[PDB]
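Text of structure01.cif (mmCIF, C-alpha atoms) as supplied:
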data_input
#
loop_
_atom_site.label_atom_id
_atom_site.label_comp_id
_atom_site.auth_asym_id
_atom_site.auth_seq_id
_atom_site.Cartn_x
_atom_site.Cartn_y
_atom_site.Cartn_z
CA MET H 1 21.53 44.96 -80.91
CA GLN H 2 23.21 47.73 -83.03
CA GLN H 3 24.11 45.03 -85.58
CA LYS H 4 24.03 47.62 -88.40
CA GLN H 5 27.11 49.42 -87.05
CA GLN H 6 29.56 46.58 -87.76
CA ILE H 7 28.13 46.37 -91.29
CA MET H 8 28.76 50.06 -91.88
CA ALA H 9 32.33 49.70 -90.68
CA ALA H 10 32.92 46.73 -92.99
CA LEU H 11 31.27 48.39 -95.99
CA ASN H 12 33.18 51.59 -95.39
CA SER H 13 36.39 49.58 -95.29
CA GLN H 14 36.14 48.07 -98.79
CA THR H 15 34.69 51.24 -100.37
CA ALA H 16 36.84 53.82 -98.59
CA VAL H 17 39.11 54.51 -101.55
CA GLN H 18 36.27 54.17 -104.06
CA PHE H 19 34.14 56.82 -102.38
CA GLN H 20 37.22 59.00 -101.87
CA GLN H 21 38.19 58.82 -105.56
CA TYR H 22 34.68 59.76 -106.66
CA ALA H 23 34.39 62.55 -104.10
CA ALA H 24 37.73 63.89 -105.34
CA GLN H 25 36.36 63.81 -108.87
CA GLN H 26 33.32 65.89 -107.93
CA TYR H 27 34.84 68.17 -105.29
CA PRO H 28 38.60 68.18 -105.76
CA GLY H 29 40.50 69.90 -102.97
CA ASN H 30 37.35 70.51 -100.92
CA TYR H 31 37.86 67.98 -98.13
CA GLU H 32 34.63 69.01 -96.39
CA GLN H 33 32.52 68.61 -99.53
CA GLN H 34 34.29 65.34 -100.21
CA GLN H 35 33.34 63.99 -96.77
CA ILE H 36 29.73 65.08 -97.19
CA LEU H 37 29.44 63.13 -100.46
CA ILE H 38 31.22 60.13 -98.90
CA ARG H 39 28.62 60.16 -96.09
CA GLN H 40 25.79 60.05 -98.63
CA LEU H 41 27.49 57.18 -100.47
CA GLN H 42 28.07 55.18 -97.28
CA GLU H 43 24.41 55.00 -96.29
CA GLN H 44 23.10 54.51 -99.82
CA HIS H 45 25.62 51.68 -100.15
CA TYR H 46 24.25 50.07 -96.99
CA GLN H 47 20.65 50.45 -98.15
CA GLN H 48 21.36 48.73 -101.47
CA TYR H 49 23.67 46.19 -99.81
CA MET H 50 21.13 45.15 -97.19
CA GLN H 51 18.24 44.97 -99.65
CA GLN H 52 20.39 42.91 -102.01
CA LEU H 53 21.93 40.69 -99.29
CA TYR H 54 18.52 39.91 -97.89
CA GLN H 55 17.50 38.53 -101.28
CA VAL H 56 20.69 36.43 -101.49
CA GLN H 57 20.37 34.76 -98.08
CA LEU H 58 16.72 34.31 -98.98
CA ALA H 59 17.63 32.65 -102.27
CA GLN H 60 19.84 30.23 -100.31
CA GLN H 61 17.00 29.66 -97.83
CA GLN H 62 14.49 28.93 -100.62
CA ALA H 63 16.99 26.54 -102.25
CA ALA H 64 17.37 24.71 -98.93
CA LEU H 65 13.57 24.40 -98.65
CA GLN H 66 12.38 23.57 -102.21
CA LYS H 67 8.93 23.07 -100.65
CA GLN H 68 7.00 25.53 -102.83
CA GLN H 69 7.38 27.84 -99.81
CA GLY V 101 32.63 57.16 -61.26
CA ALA V 102 34.90 54.45 -59.88
CA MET V 103 34.33 55.68 -56.32
CA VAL V 104 35.83 53.65 -53.47
CA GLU V 105 34.94 54.07 -49.79
CA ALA V 106 36.19 52.13 -46.75
CA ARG V 107 34.82 52.23 -43.20
CA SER V 108 35.60 50.39 -39.97
CA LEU V 109 33.56 49.46 -36.90
CA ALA V 110 34.65 47.36 -33.93
CA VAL V 111 32.39 45.81 -31.32
CA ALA V 112 34.01 43.45 -28.82
CA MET V 113 34.57 43.00 -25.09
CA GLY V 114 36.83 45.62 -23.48
CA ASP V 115 39.55 43.02 -22.87
CA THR V 116 41.35 44.32 -25.98
CA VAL V 117 41.74 40.81 -27.40
CA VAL V 118 44.24 40.75 -30.26
CA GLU V 119 46.23 37.88 -31.94
CA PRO V 120 43.72 35.05 -32.32
CA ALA V 121 41.96 34.99 -35.70
CA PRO V 122 38.67 36.89 -35.36
CA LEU V 123 35.55 35.14 -36.65
CA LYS V 124 31.70 35.25 -36.43
CA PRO V 125 30.63 38.93 -36.54
CA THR V 126 29.13 39.48 -40.01
CA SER V 127 26.58 42.22 -39.33
CA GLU V 128 26.35 44.86 -42.06
CA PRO V 129 23.49 47.31 -42.68
CA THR V 130 20.55 46.35 -44.88
CA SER V 131 17.61 48.20 -46.44
CA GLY V 132 15.87 45.14 -47.84
CA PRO V 133 17.10 42.41 -50.20
CA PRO V 134 20.45 43.04 -51.97
CA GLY V 135 18.78 42.71 -55.36
CA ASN V 136 20.11 40.37 -58.04
CA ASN V 137 21.93 42.92 -60.16
CA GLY V 138 25.53 42.06 -59.36
CA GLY V 139 28.02 44.84 -58.72
CA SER V 140 30.42 46.84 -60.92
CA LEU V 141 28.28 45.72 -63.88
CA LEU V 142 30.07 48.01 -66.33
CA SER V 143 32.10 47.29 -69.44
CA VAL V 144 34.38 49.36 -71.66
CA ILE V 145 33.73 49.55 -75.40
CA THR V 146 36.69 48.00 -77.24
CA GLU V 147 34.75 48.09 -80.46
CA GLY V 148 36.20 44.72 -81.52
CA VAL V 149 32.89 43.79 -83.14
CA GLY V 150 33.15 42.98 -86.84
CA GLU V 151 36.53 41.32 -87.38
CA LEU V 152 38.01 40.80 -90.87
CA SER V 153 34.95 40.71 -93.14
CA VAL V 154 31.56 40.34 -91.42
CA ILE V 155 29.92 41.03 -94.82
CA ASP V 156 29.52 39.54 -98.30
CA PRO V 157 32.14 41.47 -100.28
CA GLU V 158 30.63 40.58 -103.68
CA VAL V 159 27.18 41.82 -102.70
CA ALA V 160 28.94 44.93 -101.44
CA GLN V 161 30.80 45.28 -104.76
CA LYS V 162 27.53 45.34 -106.70
CA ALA V 163 25.87 47.59 -104.16
CA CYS V 164 28.58 50.27 -104.21
CA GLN V 165 28.90 50.00 -108.01
CA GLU V 166 25.23 50.83 -108.51
CA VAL V 167 25.23 53.62 -105.93
CA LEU V 168 28.29 55.27 -107.49
CA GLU V 169 26.96 55.10 -111.07
CA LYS V 170 23.40 56.25 -110.13
CA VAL V 171 24.43 59.20 -107.92
CA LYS V 172 26.36 60.58 -110.90
CA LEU V 173 23.10 61.09 -112.74
CA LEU V 174 21.40 62.71 -109.73
CA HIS V 175 24.18 65.26 -109.91
CA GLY V 176 23.12 66.02 -113.48
CA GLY V 177 22.43 64.25 -116.77
CA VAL V 178 24.39 66.91 -118.69
CA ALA V 179 27.55 64.87 -118.31
CA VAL V 180 27.24 61.23 -119.47
#
Is it possible to express this structure as structure tokens?
Amino acid sequence: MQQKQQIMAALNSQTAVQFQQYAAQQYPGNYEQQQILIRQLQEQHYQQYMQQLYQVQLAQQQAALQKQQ
Amino acid sequence: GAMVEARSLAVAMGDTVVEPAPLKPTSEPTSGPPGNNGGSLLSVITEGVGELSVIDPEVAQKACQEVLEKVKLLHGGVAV
């Protein structure tokens, strides 16, 4: 389905400047080192995002059920 | 590969009939059934998948916040 790819694009969109500012703070001037750190941030962001999101849609699902299930 | 080929074959009486609308011959070669796969079953990626915000931006805010603060310590706890 490749459904992860659209998520990455969307996550990267709202964190583009954030990851860039931090990468500049750690590796100023070194565009290559900046990109490498941004790549690490992008996947870690997705991992945390997906694990967190799953619990949120689950919380909504449990609230819709209220069946001790 | 977008290849295109055209061929022609004519089988008729030698009376060189021309002008009336030809109809009926429909014989083409076959090697078994034509399958059920369609033809030109290709598509071009336009990558228009994920318009506007196909995500929860608040969940993403918390997620990126934690990643950015935690990775700073992986880099070294000598700067807090």
Apply the PyMOL selection byres ((chain H and resi 47) around 12) to the structure shown and report the selected residues as a PyMOL selection string.
-> (chain H and resi 4+7-8+11+40-46+48-54) or (chain V and resi 159-160+163-164+166-167)
Which residues fall under the PyMOL selection byres ((chain V and resi 153) around 10) in this file, as a ChimeraX atom specification?
-> /H:6-7,9-11,13-14 /V:150-152,154-157
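Across the structure, CA of residue 12 (chain H) and CA of residue 161 (chain V) are spaced 11.5 Å apart.
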Would you kindly return, as a ChimeraX atom specification, each protein, DNA or RNA residue with an atom no farther than 12 Å from any atom of residue 102 (chain V), considering all atoms listed in the file and excluding same-chain residues fewer than 4 positions away?
-> /V:139-142
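The list of residues with at least one atom within 12 Å of residue 38 (chain H), based on only C-alpha atoms and without residues fewer than 4 positions apart in the same chain, reads residues 12, 15, 16, 17, 18, 19, 20, 21, 22, 23, 24, 25, 26, 27, 31, 32, 33, 34, 42, 43, 44 and 45 of chain H; 164, 167, 168 and 171 of chain V.
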Kindly give the distance, in Å, that separates CA of residue 108 (chain V) and CA of residue 138 (chain V), rounded to a single decimal.
-> 23.4 Å
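Distance-wise, CA of residue 145 (chain V) and CA of residue 101 (chain V) end up 16.1 Å apart.
Closest approach to chain H among V:158, V:180, V:128, V:149 is made by V:149 (distances from only C-alpha atoms).
If only C-alpha atoms are the atoms counted, then among H:30, H:69, H:57, H:62 the closest residue to chain V is H:57.
Residues in contact with residue 111 (chain V) at 12 Å, where only C-alpha atoms are counted and same-chain residues fewer than 3 positions away are skipped, are listed as residues 108, 114, 115, 116, 117, 122, 124, 125, 126 and 127 of chain V.
You can rank H:39, H:66, H:5, H:58 by their closest distance to chain V using only C-alpha atoms, and at the top of that list sits H:5.
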